[PDB]
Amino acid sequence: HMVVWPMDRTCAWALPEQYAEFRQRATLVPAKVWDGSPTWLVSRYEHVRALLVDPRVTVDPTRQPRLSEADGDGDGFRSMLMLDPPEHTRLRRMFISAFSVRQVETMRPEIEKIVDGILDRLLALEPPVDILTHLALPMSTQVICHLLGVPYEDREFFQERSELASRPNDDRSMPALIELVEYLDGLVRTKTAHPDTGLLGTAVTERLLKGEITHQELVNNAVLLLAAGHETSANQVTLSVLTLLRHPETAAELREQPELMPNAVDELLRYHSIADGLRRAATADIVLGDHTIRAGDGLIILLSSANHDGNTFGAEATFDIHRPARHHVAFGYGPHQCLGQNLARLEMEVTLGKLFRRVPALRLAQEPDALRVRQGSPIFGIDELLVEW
C-alpha cells in the first residue's frame, strides 16, 4: 500500500500523472484501500490483457477488496458481469446474438432516424446548449429503449438511478440499485405475460418460457443492459465532441471523409478510456514477469493507462485519428469484453457523423478548463458540455 485507491481523474482529457510512472516499473504498484487488503494497480497494456483473460482472475464480488464503508456485494445481486465462467458463459450466450456485428448493423436505420430527430430538436433551441442533456443522453437512451423495449417515458427515473447505482462508494448507490431492480422486476413480469419483440421480450419467449433462465437472472441482466447501454455511450459521446472540438482539423476531415469515422471512433475510445479501474482478484498465484501475484490479491485494472501505453501506442497522449487503433482495450478484454461494443461504435459513428455534418461550425461555448469532471465512478465523464453555433 503506497498510493491510495480509488484515484479520481482531474482533467477531461489528461490521465493522472502517476499512471506513466506506474508503467515505467518492474512490479505492480501496491495500493492502500479502505479494508487494508493487498491490492495491486495494473498499468501496462501487456499486463492488463494478460490478467483479464487469465482463468485465475475472478469477478466474484465477495473476493474484491472493499473500497469504502458503502462498498459491498449488493445483497446477492449479480449480473453476468459479476460471474465467472461457466455461469458467466451460460448467461452471456443468451444475449450474444442480439449484439453481433451483422445483427447490430441492422439497427443503423433506426439509429439514423433517432439521431436525426434529436438534432432537429436540438437545433431548434437558442444556444448555448448542453451536449449531454440534448444530444448524448437522448440518443443512447432512445437507442437502448428501442433495442430492449424499455419505456422512454420512464427515462428520468432510470437515468438518475443508474447514475447513482454506478457510484459504488456512495451511500445512495444501494437504494437506487434496489429501485432499478424493482423497476425491471415489474417490466419483466409484464413482458412475461405479454411478450414483445425487442431484446427483453424475445428472451422471455426463447429463454425464460423455455427453462433457460430464471426471472431474477433476466431482471438482473436487464438492469445491466439498461444502465451499461445508456450511461456509457452518453459519456463517451459527450467527451468525444469536446475532443473533436479541441482539434478542429479532425471535425472537418471526418465531415469531408466519413470512411475515416470508424477508426476515429476507436481512437476516441482509446484516448478517453472512460470505463476504468476494473476490479478483479487472483484465485491462485499468478506470475507476471518479475512479480508474483498471490492467491487472494485484489487487482485494479487501469484500461486507460493501458490504452495510453507508449510501448503499444506511439505518442500516447496525442489524439490521432490516423493511427490504427482497433486493438485498444476501452471495452475491456477477455470473457467480459463489452457485449455492447458494436452497438457503442455504431452509435458513435452516426451521432458524431451527423452532428458535425449538420452543425458544421459547432463551437465550444465555455473554456474547457472549467469543465466539471465526474469522480467516484468506474465510468468517467463530464457533468455538462455547452456548445454554440
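We number the residues from 1 along the sequence you see.
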query: Residue stretch of maximal mean CA temperature factor, 314-322 vs 280-288; finding: 314-322
query: Per the entry, higher mean C-alpha B factor between 201-209 and 290-298; finding: 290-298
query: Residue with maximal Cα B-factor (values as given in the PDB entry) among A227, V129, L148, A252; finding: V129
query: Maximum C-alpha temperature factor, selected from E46, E347, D35, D60; finding: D35
query: Entry-reported Cα temperature factor of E267, expressed as the chain third it lands in; finding: middle
query: Relative C-alpha B-factor of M261, binned into the chain's lowest, middle or highest third; finding: middle
query: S173 by Cα B-factor - lowest, middle or highest third of the modelled chain; finding: middle
query: Record-listed C-alpha B factor of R358: chain third; finding: highest
query: Chain third (lowest, middle, highest) by recorded CA B-factor, residue given as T39; finding: middle
